[PDB]
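J.: Sharing structure.txt here; it has compact mmCIF, C-alpha atoms.
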# COMPACT_ATOMS: atom_id res chain seq x y z
CA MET A 1 -117.48 14.52 99.40
CA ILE A 2 -117.60 10.95 100.70
CA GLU A 3 -114.08 11.01 102.17
CA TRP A 4 -114.70 14.16 104.21
CA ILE A 5 -117.89 12.51 105.47
CA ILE A 6 -115.82 9.51 106.55
CA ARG A 7 -113.41 11.78 108.41
CA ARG A 8 -116.14 13.69 110.25
CA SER A 9 -117.74 10.46 111.44
CA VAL A 10 -114.40 9.05 112.59
CA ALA A 11 -114.08 12.24 114.63
CA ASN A 12 -117.55 11.71 116.07
CA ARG A 13 -116.68 8.17 116.98
CA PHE A 14 -118.00 7.32 120.46
CA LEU A 15 -121.00 9.62 120.10
CA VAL A 16 -121.72 7.78 116.83
CA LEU A 17 -121.11 4.43 118.53
CA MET A 18 -123.86 5.03 121.10
CA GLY A 19 -126.28 6.13 118.40
CA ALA A 20 -125.82 2.88 116.51
CA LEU A 21 -126.17 1.12 119.86
CA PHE A 22 -129.45 2.83 120.76
CA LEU A 23 -130.60 2.13 117.21
CA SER A 24 -129.81 -1.56 117.62
CA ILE A 25 -131.90 -1.78 120.80
CA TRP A 26 -134.65 0.30 119.18
CA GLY A 27 -134.53 -1.74 115.98
CA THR A 28 -135.09 -4.77 118.17
CA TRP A 29 -138.26 -3.48 119.82
CA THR A 30 -140.01 -2.46 116.59
CA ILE A 31 -139.28 -5.80 114.90
CA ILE A 32 -140.67 -7.85 117.80
CA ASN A 33 -143.83 -5.75 117.61
CA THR A 34 -144.29 -5.87 113.84
CA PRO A 35 -147.62 -6.94 112.29
CA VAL A 36 -147.60 -9.89 109.90
CA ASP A 37 -149.33 -11.48 106.91
CA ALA A 38 -148.68 -13.94 104.08
CA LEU A 39 -148.49 -11.28 101.36
CA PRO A 40 -149.08 -7.55 100.97
CA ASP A 41 -152.69 -6.67 100.15
CA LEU A 42 -152.92 -6.88 96.36
CA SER A 43 -156.68 -6.52 95.87
CA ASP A 44 -158.08 -3.46 94.11
CA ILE B 1 -134.40 -7.87 103.14
CA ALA B 2 -133.42 -11.37 102.07
CA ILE B 3 -131.62 -10.30 98.89
CA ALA B 4 -130.18 -7.24 100.64
CA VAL B 5 -128.16 -9.36 103.08
CA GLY B 6 -125.70 -10.33 100.35
CA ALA B 7 -124.82 -6.69 99.73
CA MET B 8 -124.84 -5.18 103.22
CA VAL B 9 -121.86 -7.41 104.00
CA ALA B 10 -120.29 -6.81 100.60
CA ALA B 11 -120.28 -3.15 101.61
CA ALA B 12 -118.11 -3.77 104.67
CA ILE B 13 -115.56 -6.35 103.51
CA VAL B 14 -114.40 -4.47 100.40
CA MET B 15 -113.40 -1.73 102.85
CA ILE B 16 -111.88 -4.12 105.38
CA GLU B 17 -109.90 -5.77 102.59
CA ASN B 18 -108.16 -2.69 101.18
CA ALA B 19 -107.25 -2.07 104.82
CA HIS B 20 -105.68 -5.51 105.28
CA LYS B 21 -103.19 -4.79 102.51
CA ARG B 22 -102.78 -1.22 103.73
CA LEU B 23 -101.74 -2.70 107.07
CA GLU B 24 -99.26 -4.91 105.23
CA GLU B 25 -97.23 -2.08 103.69
CA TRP B 26 -96.84 0.22 106.69
CA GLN B 27 -95.51 -2.99 108.22
CA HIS B 28 -93.01 -3.59 105.42
CA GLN B 29 -91.86 0.04 105.17
CA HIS B 30 -91.54 0.63 108.92
CA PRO B 31 -90.49 -1.49 111.92
CA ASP B 32 -92.90 -4.06 113.38
CA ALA B 33 -92.80 -3.90 117.18
CA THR B 34 -93.60 -0.19 117.45
CA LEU B 35 -97.16 1.00 116.82
CA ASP B 36 -99.52 3.21 118.83
CA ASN B 37 -103.29 3.71 118.83
CA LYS B 38 -102.77 6.61 116.43
CA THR B 39 -100.32 4.66 114.27
CA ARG B 40 -103.13 2.14 113.76
CA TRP B 41 -105.74 4.89 113.45
CA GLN B 42 -104.08 6.42 110.39
CA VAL B 43 -103.68 3.22 108.37
CA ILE B 44 -107.31 2.05 108.29
CA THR B 45 -108.73 5.54 107.77
CA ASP B 46 -106.42 5.66 104.74
CA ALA B 47 -108.13 2.71 103.08
CA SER B 48 -111.35 4.69 103.31
CA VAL B 49 -109.49 7.29 101.25
CA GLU B 50 -109.76 5.32 98.02
CA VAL B 51 -112.64 2.83 98.17
CA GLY B 52 -114.66 5.31 100.25
CA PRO B 53 -116.59 6.96 97.39
CA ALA B 54 -116.37 3.79 95.28
CA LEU B 55 -118.84 1.80 97.40
CA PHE B 56 -121.20 4.37 98.95
CA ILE B 57 -121.91 5.35 95.34
CA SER B 58 -122.00 1.77 94.08
CA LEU B 59 -124.56 0.88 96.74
CA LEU B 60 -126.14 4.16 95.68
CA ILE B 61 -126.22 2.51 92.26
CA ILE B 62 -127.76 -0.69 93.63
CA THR B 63 -130.47 1.37 95.33
CA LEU B 64 -131.25 3.67 92.39
CA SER B 65 -130.91 1.24 89.48
CA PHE B 66 -133.89 -0.41 91.16
CA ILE B 67 -136.21 2.59 91.56
CA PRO B 68 -137.86 1.99 88.15
CA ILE B 69 -139.56 -1.07 89.67
CA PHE B 70 -141.83 1.16 91.76
CA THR B 71 -143.54 2.07 88.48
CA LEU B 72 -145.28 -1.31 88.57
CA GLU B 73 -148.99 -0.55 88.53
CA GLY B 74 -151.80 -2.45 90.21
CA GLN B 75 -151.59 -5.98 91.58
CA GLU B 76 -147.95 -6.67 90.67
CA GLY B 77 -146.93 -3.31 92.12
CA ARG B 78 -148.56 -3.99 95.48
CA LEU B 79 -146.61 -7.25 95.48
CA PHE B 80 -143.04 -6.35 94.56
CA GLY B 81 -143.53 -2.80 95.82
CA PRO B 82 -142.83 -3.74 99.48
CA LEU B 83 -139.93 -5.91 98.30
CA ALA B 84 -138.29 -2.98 96.53
CA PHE B 85 -138.89 -0.78 99.57
CA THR B 86 -137.15 -3.08 102.05
CA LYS B 87 -134.33 -3.99 99.66
CA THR B 88 -133.64 -0.27 99.31
CA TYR B 89 -133.91 0.83 102.95
CA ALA B 90 -131.66 -2.08 103.93
CA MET B 91 -129.05 -0.93 101.41
CA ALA B 92 -129.29 2.73 102.41
CA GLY B 93 -128.70 1.28 105.87
CA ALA B 94 -125.51 -0.67 105.19
CA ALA B 95 -124.31 2.08 102.84
CA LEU B 96 -124.89 4.95 105.28
CA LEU B 97 -123.41 2.69 107.95
CA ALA B 98 -120.18 1.91 106.12
CA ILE B 99 -119.49 5.64 106.34
CA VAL B 100 -120.30 6.24 110.01
CA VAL B 101 -119.86 2.93 111.84
CA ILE B 102 -118.11 0.36 109.63
CA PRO B 103 -114.77 2.21 109.30
CA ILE B 104 -114.79 2.66 113.08
CA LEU B 105 -115.80 -0.83 114.24
CA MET B 106 -112.95 -2.24 112.16
CA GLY B 107 -110.58 0.23 113.81
CA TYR B 108 -111.80 -0.51 117.32
CA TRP B 109 -111.42 -4.22 116.58
CA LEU B 110 -105.37 -20.15 100.42
CA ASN B 111 -105.75 -17.00 98.32
CA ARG B 112 -102.59 -18.21 96.60
CA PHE B 113 -104.19 -21.14 94.77
CA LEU B 114 -106.84 -19.00 93.13
CA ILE B 115 -104.33 -16.35 92.12
CA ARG B 116 -102.42 -19.19 90.45
CA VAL B 117 -105.35 -20.24 88.25
CA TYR B 118 -106.57 -16.77 87.28
CA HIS B 119 -103.55 -14.91 85.93
CA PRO B 120 -102.40 -17.54 83.42
CA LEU B 121 -105.64 -16.70 81.59
CA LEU B 122 -105.42 -13.01 82.47
CA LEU B 123 -102.13 -12.50 80.64
CA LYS B 124 -103.57 -14.71 77.91
CA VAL B 125 -106.36 -12.16 77.53
CA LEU B 126 -103.72 -9.48 77.02
CA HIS B 127 -102.90 -11.38 73.85
CA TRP B 128 -104.83 -9.48 71.16
CA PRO B 129 -107.39 -8.24 73.71
CA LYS B 130 -109.60 -7.41 70.73
CA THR B 131 -110.12 -11.16 70.28
CA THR B 132 -111.57 -11.57 73.77
CA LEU B 133 -114.02 -8.74 73.14
CA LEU B 134 -115.06 -11.03 70.30
CA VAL B 135 -115.51 -14.24 72.28
CA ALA B 136 -117.46 -12.20 74.83
CA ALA B 137 -119.82 -10.88 72.15
CA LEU B 138 -120.46 -14.52 71.23
CA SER B 139 -121.46 -15.27 74.82
CA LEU C 1 -107.57 -0.49 86.92
CA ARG C 2 -107.78 3.30 87.15
CA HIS C 3 -105.78 4.03 90.30
CA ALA C 4 -103.30 1.48 89.00
CA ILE C 5 -102.78 3.77 86.02
CA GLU C 6 -102.72 6.74 88.40
CA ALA C 7 -100.00 5.67 90.84
CA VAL C 8 -96.26 5.81 90.16
CA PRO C 9 -96.37 3.32 87.27
CA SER C 10 -98.60 6.03 85.80
CA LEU C 11 -95.70 8.44 85.48
CA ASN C 12 -94.21 6.20 82.82
CA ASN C 13 -97.33 5.85 80.68
CA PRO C 14 -98.55 9.46 80.30
CA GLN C 15 -95.02 10.57 79.37
CA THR C 16 -94.07 7.71 77.03
CA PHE C 17 -95.40 4.36 75.81
CA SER C 18 -94.56 1.10 77.57
CA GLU C 19 -96.88 -1.88 77.07
CA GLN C 20 -94.85 -4.11 79.39
CA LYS C 21 -95.27 -1.45 82.07
CA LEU C 22 -99.02 -0.91 81.77
CA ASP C 23 -99.28 -4.70 81.77
CA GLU C 24 -97.49 -4.68 85.12
CA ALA C 25 -99.85 -1.99 86.38
CA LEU C 26 -102.64 -4.29 85.21
CA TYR C 27 -101.27 -7.50 86.73
CA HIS C 28 -101.40 -5.84 90.15
CA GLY C 29 -104.86 -4.39 89.62
CA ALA C 30 -105.55 -8.08 89.19
CA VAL C 31 -104.05 -9.71 92.28
CA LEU C 32 -105.31 -6.82 94.40
CA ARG C 33 -108.82 -7.52 93.11
CA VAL C 34 -108.75 -11.31 93.46
CA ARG C 35 -109.06 -10.85 97.22
CA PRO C 36 -111.87 -8.27 97.48
CA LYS C 37 -113.46 -9.75 94.35
CA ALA C 38 -113.66 -13.48 95.07
CA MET C 39 -115.21 -12.57 98.43
CA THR C 40 -117.71 -10.07 97.00
CA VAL C 41 -118.91 -12.74 94.57
CA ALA C 42 -118.80 -15.08 97.55
CA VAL C 43 -120.88 -13.13 100.06
CA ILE C 44 -123.27 -12.18 97.25
CA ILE C 45 -123.89 -15.71 95.98
CA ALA C 46 -123.50 -17.38 99.38
CA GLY C 47 -126.07 -15.08 100.96
CA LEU C 48 -128.26 -15.21 97.87
CA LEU C 49 -128.04 -18.99 97.61
CA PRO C 50 -130.34 -20.20 100.43
CA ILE C 51 -133.46 -18.66 98.86
CA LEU C 52 -132.72 -20.48 95.60
CA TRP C 53 -133.77 -23.68 97.37
CA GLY C 54 -137.53 -23.35 97.04
CA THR C 55 -139.22 -25.52 99.65
CA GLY C 56 -141.70 -24.01 102.08
CA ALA C 57 -144.39 -21.33 102.26
CA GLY C 58 -143.54 -18.56 99.80
CA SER C 59 -140.35 -20.11 98.46
CA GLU C 60 -141.76 -20.35 94.93
CA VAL C 61 -141.64 -16.61 94.22
CA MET C 62 -138.30 -16.01 95.94
CA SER C 63 -136.41 -18.75 94.10
CA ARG C 64 -137.70 -17.16 90.88
CA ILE C 65 -136.58 -13.68 91.89
CA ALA C 66 -133.19 -15.01 92.99
CA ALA C 67 -132.13 -17.45 90.26
CA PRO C 68 -131.55 -14.62 87.75
CA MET C 69 -129.36 -12.85 90.31
CA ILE C 70 -127.45 -15.95 91.42
CA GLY C 71 -126.96 -17.04 87.82
CA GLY C 72 -126.20 -13.54 86.61
CA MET C 73 -123.63 -13.31 89.40
CA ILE C 74 -121.58 -16.17 87.95
CA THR C 75 -121.00 -14.70 84.49
CA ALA C 76 -121.03 -11.09 85.69
CA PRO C 77 -117.87 -11.61 87.77
CA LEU C 78 -116.15 -14.42 85.88
CA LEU C 79 -116.47 -12.58 82.56
CA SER C 80 -115.84 -9.02 83.78
CA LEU C 81 -112.34 -10.03 84.89
CA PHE C 82 -111.48 -10.34 81.20
CA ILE C 83 -113.72 -7.79 79.48
CA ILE C 84 -113.12 -4.67 81.57
CA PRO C 85 -109.30 -5.04 81.59
CA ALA C 86 -108.71 -6.12 77.98
CA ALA C 87 -110.89 -3.16 76.96
CA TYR C 88 -109.31 -0.52 79.18
CA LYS C 89 -105.97 -1.53 77.68
CA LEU C 90 -107.64 -0.92 74.33
CA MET C 91 -109.22 2.43 75.22
CA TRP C 92 -106.03 3.77 76.80
CA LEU C 93 -104.42 3.35 73.39
CA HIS C 94 -106.92 5.40 71.38
CA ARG C 95 -106.57 8.69 73.25
CA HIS C 96 -102.88 7.84 72.86
Would you encode the structure as structure tokens?

T.:
Amino acid sequence: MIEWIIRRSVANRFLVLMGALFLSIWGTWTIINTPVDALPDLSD
Amino acid sequence: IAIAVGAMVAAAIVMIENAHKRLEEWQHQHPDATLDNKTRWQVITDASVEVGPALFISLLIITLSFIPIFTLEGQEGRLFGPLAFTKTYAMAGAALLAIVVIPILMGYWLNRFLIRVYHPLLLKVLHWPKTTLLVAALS
Amino acid sequence: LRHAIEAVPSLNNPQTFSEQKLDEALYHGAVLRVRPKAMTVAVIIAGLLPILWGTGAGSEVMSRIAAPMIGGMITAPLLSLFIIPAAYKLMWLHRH
């Protein structure tokens, strides 16, 4: 099934490209505005 | 996300590699100064023919052979829980990227002296291979 | 080591026995791996290596959760180049 899924995406290419582009700019906004702490809360 | 980095890139290269030797045979079977944008299109998307399933399912292995960790209860679970989460999402990222973006970006864009040291011992292993499954068991 | 015994040198084996022909189909599934392999074990250990140096806030736990991987990724590759092959050449002879 994987191969066919490779072929379909290659066909998409250039609509796919802009999705990974808009993701890259979106994945840059979220990170900048991400809360922070030394460790995850472990207390009961 | 720190330990994931070593695998997100391992996802890509193993696909790029089988495409570097695929673009070294269509160059030895055909001419050399005649190739179009479709003649280059076909060669790289024919390396994704073989290794395609091999990696998306091997990074599916990396992501699932780790699930059991989420069963960590209490304090230790709250700790390594978030680590497992990010390691996994980051893999599902590179994995589900090497099947939508990686094959494309590589299409839109001294190995000798290690091969010399390996195969003397490789053929040596083909001596009585049952003896090297014995040395291994001793390891 | 599977698609090497599934190409054209795999027309010789299924029909008749030829050890010096499955050893040629194994020597290529050996120099075709040395390139993707040595770099997989490279990018894995190279990218996993920095955290093994445990100085700084939080390093302690990371270097502990990395050492097993980094160490396990020296014998996992090195050894597998000799175990998997010299055992597939042994399992292809049973069903035969």

J.: Which residues come within 8 Å of range 63-79 of chain B, counting only C-alpha atoms, excluding same-chain residues fewer than 5 positions away, as a list in words?

T.: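 After dropping sequence-adjacent residues, the list is residues 39, 40, 41, 42, 43 and 44 of chain A; 84, 87, 88, 91 and 92 of chain B.
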
J.: Could you please select, counting all atoms listed in the file, the residues of chain C within 12 Å of chain A and state them as JSON, numbers by chain?

T.: {"C": [57, 58, 59, 61]}

J.: Hey, what's within 12 Å of residue 26 in chain C if we count only C-alpha atoms and toss same-chain stuff fewer than 4 positions away? As a VMD selection string, please?

T.: (chain B and resid 119 122 to 123 125 to 126) or (chain C and resid 1 to 7 9 to 10 19 to 22 30 to 33 81 to 82 84 to 89)

J.: Should the cut-off be 6 Å, what would the residue list for chain A against chain B look like, counting all atoms listed in the file, as number ranges by chain?

T.: A: 2-3, 6, 9, 42

J.: Restricting it to C-alpha atoms, dump the selection as a CSV table (one decimal), in the frame of the given file.

T.:
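And here is the file that came out, out13.csv:
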chain,number,residue,atom,x,y,z
A,2,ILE,CA,-117.6,11.0,100.7
A,3,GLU,CA,-114.1,11.0,102.2
A,6,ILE,CA,-115.8,9.5,106.6
A,9,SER,CA,-117.7,10.5,111.4
A,42,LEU,CA,-152.9,-6.9,96.4

J.: When you get a sec, could you note down which chain B residues fall within 9 Å of chain C, using only C-alpha atoms, as a ChimeraX atom specification?

T.: /B:2-7,9-11,13-18,21,50,111,114-115,118-119,121-123,125-130,132-133,136

J.: To one decimal place, how far is CA of residue 92 in chain C from CA of residue 77 in chain C in Å?

T.: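 Computing the Euclidean distance for CA of residue 92 in chain C and CA of residue 77 in chain C yields 22.3 Å.
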
J.: What is the distance between CA of residue 29 in chain B and CA of residue 12 in chain C, in Å to one decimal?

T.: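 Spanning CA of residue 29 in chain B to CA of residue 12 in chain C is a straight-line distance of 23.3 Å.
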
J.: Quick one: pull the distance between CA of residue 23 in chain B and CA of residue 40 in chain B, Å, one decimal.

T.: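 Between these atoms lies a distance of 8.4 Å.
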
J.: If I wrap all listed atoms of range 18-25 of chain A in a box with edges along x, y and z and add 4 Å on each side, what are its centre and edge lengths in Å to one decimal, as AutoDock Vina command-line options?

T.:
--center_x -127.9 --center_y 2.2 --center_z 118.8 --size_x 16.0 --size_y 15.9 --size_z 12.6

J.: For range 18-39 of chain A, which lacks atoms in the input, supply N, CA, C and O atoms and format the output as a PDB file, in the frame of the given file.

T.:
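The resulting file, result_32.pdb, is reproduced below:
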ATOM      1  N   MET A  18    -122.700   5.160 120.216  1.00  0.00           N
ATOM      2  CA  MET A  18    -123.860   5.030 121.100  1.00  0.00           C
ATOM      3  C   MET A  18    -125.176   5.251 120.369  1.00  0.00           C
ATOM      4  O   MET A  18    -126.230   4.813 120.831  1.00  0.00           O
ATOM      5  N   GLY A  19    -125.113   5.934 119.232  1.00  0.00           N
ATOM      6  CA  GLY A  19    -126.280   6.130 118.400  1.00  0.00           C
ATOM      7  C   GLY A  19    -126.648   4.852 117.679  1.00  0.00           C
ATOM      8  O   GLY A  19    -127.821   4.495 117.571  1.00  0.00           O
ATOM      9  N   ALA A  20    -125.627   4.154 117.189  1.00  0.00           N
ATOM     10  CA  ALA A  20    -125.820   2.880 116.510  1.00  0.00           C
ATOM     11  C   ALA A  20    -126.158   1.783 117.521  1.00  0.00           C
ATOM     12  O   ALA A  20    -126.694   0.735 117.160  1.00  0.00           O
ATOM     13  N   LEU A  21    -125.839   2.037 118.786  1.00  0.00           N
ATOM     14  CA  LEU A  21    -126.170   1.120 119.860  1.00  0.00           C
ATOM     15  C   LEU A  21    -127.639   1.279 120.242  1.00  0.00           C
ATOM     16  O   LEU A  21    -128.365   0.296 120.395  1.00  0.00           O
ATOM     17  N   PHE A  22    -128.069   2.529 120.392  1.00  0.00           N
ATOM     18  CA  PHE A  22    -129.450   2.830 120.760  1.00  0.00           C
ATOM     19  C   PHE A  22    -130.390   2.501 119.602  1.00  0.00           C
ATOM     20  O   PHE A  22    -131.576   2.240 119.806  1.00  0.00           O
ATOM     21  N   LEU A  23    -129.852   2.524 118.388  1.00  0.00           N
ATOM     22  CA  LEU A  23    -130.600   2.130 117.210  1.00  0.00           C
ATOM     23  C   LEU A  23    -130.801   0.624 117.198  1.00  0.00           C
ATOM     24  O   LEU A  23    -131.860   0.128 116.818  1.00  0.00           O
ATOM     25  N   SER A  24    -129.772  -0.100 117.623  1.00  0.00           N
ATOM     26  CA  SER A  24    -129.810  -1.560 117.620  1.00  0.00           C
ATOM     27  C   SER A  24    -130.819  -2.085 118.636  1.00  0.00           C
ATOM     28  O   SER A  24    -131.481  -3.093 118.393  1.00  0.00           O
ATOM     29  N   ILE A  25    -130.936  -1.400 119.770  1.00  0.00           N
ATOM     30  CA  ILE A  25    -131.900  -1.780 120.800  1.00  0.00           C
ATOM     31  C   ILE A  25    -133.305  -1.321 120.414  1.00  0.00           C
ATOM     32  O   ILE A  25    -134.299  -1.944 120.792  1.00  0.00           O
ATOM     33  N   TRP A  26    -133.379  -0.231 119.656  1.00  0.00           N
ATOM     34  CA  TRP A  26    -134.650   0.300 119.180  1.00  0.00           C
ATOM     35  C   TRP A  26    -135.144  -0.501 117.978  1.00  0.00           C
ATOM     36  O   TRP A  26    -136.346  -0.711 117.804  1.00  0.00           O
ATOM     37  N   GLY A  27    -134.204  -0.939 117.148  1.00  0.00           N
ATOM     38  CA  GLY A  27    -134.530  -1.740 115.980  1.00  0.00           C
ATOM     39  C   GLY A  27    -134.831  -3.168 116.362  1.00  0.00           C
ATOM     40  O   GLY A  27    -135.120  -4.004 115.505  1.00  0.00           O
ATOM     41  N   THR A  28    -134.758  -3.452 117.658  1.00  0.00           N
ATOM     42  CA  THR A  28    -135.090  -4.770 118.170  1.00  0.00           C
ATOM     43  C   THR A  28    -136.488  -4.768 118.771  1.00  0.00           C
ATOM     44  O   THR A  28    -137.171  -5.789 118.791  1.00  0.00           O
ATOM     45  N   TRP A  29    -136.920  -3.607 119.252  1.00  0.00           N
ATOM     46  CA  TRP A  29    -138.260  -3.480 119.820  1.00  0.00           C
ATOM     47  C   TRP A  29    -139.312  -3.431 118.717  1.00  0.00           C
ATOM     48  O   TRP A  29    -140.319  -4.140 118.782  1.00  0.00           O
ATOM     49  N   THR A  30    -139.074  -2.600 117.706  1.00  0.00           N
ATOM     50  CA  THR A  30    -140.010  -2.460 116.590  1.00  0.00           C
ATOM     51  C   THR A  30    -140.248  -3.798 115.889  1.00  0.00           C
ATOM     52  O   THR A  30    -141.393  -4.169 115.631  1.00  0.00           O
ATOM     53  N   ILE A  31    -139.170  -4.515 115.584  1.00  0.00           N
ATOM     54  CA  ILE A  31    -139.280  -5.800 114.900  1.00  0.00           C
ATOM     55  C   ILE A  31    -140.158  -6.785 115.670  1.00  0.00           C
ATOM     56  O   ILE A  31    -141.082  -7.371 115.105  1.00  0.00           O
ATOM     57  N   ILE A  32    -139.872  -6.962 116.957  1.00  0.00           N
ATOM     58  CA  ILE A  32    -140.670  -7.850 117.800  1.00  0.00           C
ATOM     59  C   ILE A  32    -142.150  -7.514 117.668  1.00  0.00           C
ATOM     60  O   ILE A  32    -142.992  -8.400 117.528  1.00  0.00           O
ATOM     61  N   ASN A  33    -142.454  -6.220 117.707  1.00  0.00           N
ATOM     62  CA  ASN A  33    -143.830  -5.750 117.610  1.00  0.00           C
ATOM     63  C   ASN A  33    -144.193  -5.288 116.204  1.00  0.00           C
ATOM     64  O   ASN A  33    -144.686  -4.175 116.009  1.00  0.00           O
ATOM     65  N   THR A  34    -143.946  -6.154 115.227  1.00  0.00           N
ATOM     66  CA  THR A  34    -144.290  -5.870 113.840  1.00  0.00           C
ATOM     67  C   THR A  34    -145.428  -6.780 113.381  1.00  0.00           C
ATOM     68  O   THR A  34    -145.352  -7.999 113.529  1.00  0.00           O
ATOM     69  N   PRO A  35    -146.492  -6.180 112.826  1.00  0.00           N
ATOM     70  CA  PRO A  35    -147.620  -6.940 112.290  1.00  0.00           C
ATOM     71  C   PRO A  35    -147.156  -7.929 111.229  1.00  0.00           C
ATOM     72  O   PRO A  35    -146.006  -7.858 110.791  1.00  0.00           O
ATOM     73  N   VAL A  36    -148.026  -8.843 110.818  1.00  0.00           N
ATOM     74  CA  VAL A  36    -147.600  -9.890 109.900  1.00  0.00           C
ATOM     75  C   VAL A  36    -148.736 -10.410 109.016  1.00  0.00           C
ATOM     76  O   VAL A  36    -149.908 -10.368 109.392  1.00  0.00           O
ATOM     77  N   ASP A  37    -148.369 -10.900 107.835  1.00  0.00           N
ATOM     78  CA  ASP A  37    -149.330 -11.480 106.910  1.00  0.00           C
ATOM     79  C   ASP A  37    -148.585 -12.242 105.815  1.00  0.00           C
ATOM     80  O   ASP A  37    -147.389 -12.037 105.615  1.00  0.00           O
ATOM     81  N   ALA A  38    -149.293 -13.127 105.122  1.00  0.00           N
ATOM     82  CA  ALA A  38    -148.680 -13.940 104.080  1.00  0.00           C
ATOM     83  C   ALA A  38    -148.103 -13.077 102.960  1.00  0.00           C
ATOM     84  O   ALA A  38    -146.946 -13.236 102.584  1.00  0.00           O
ATOM     85  N   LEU A  39    -148.915 -12.169 102.431  1.00  0.00           N
ATOM     86  CA  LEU A  39    -148.490 -11.280 101.360  1.00  0.00           C
ATOM     87  C   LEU A  39    -148.996  -9.872 101.630  1.00  0.00           C
ATOM     88  O   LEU A  39    -149.828  -9.670 102.513  1.00  0.00           O
TER      89      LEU A  39
END
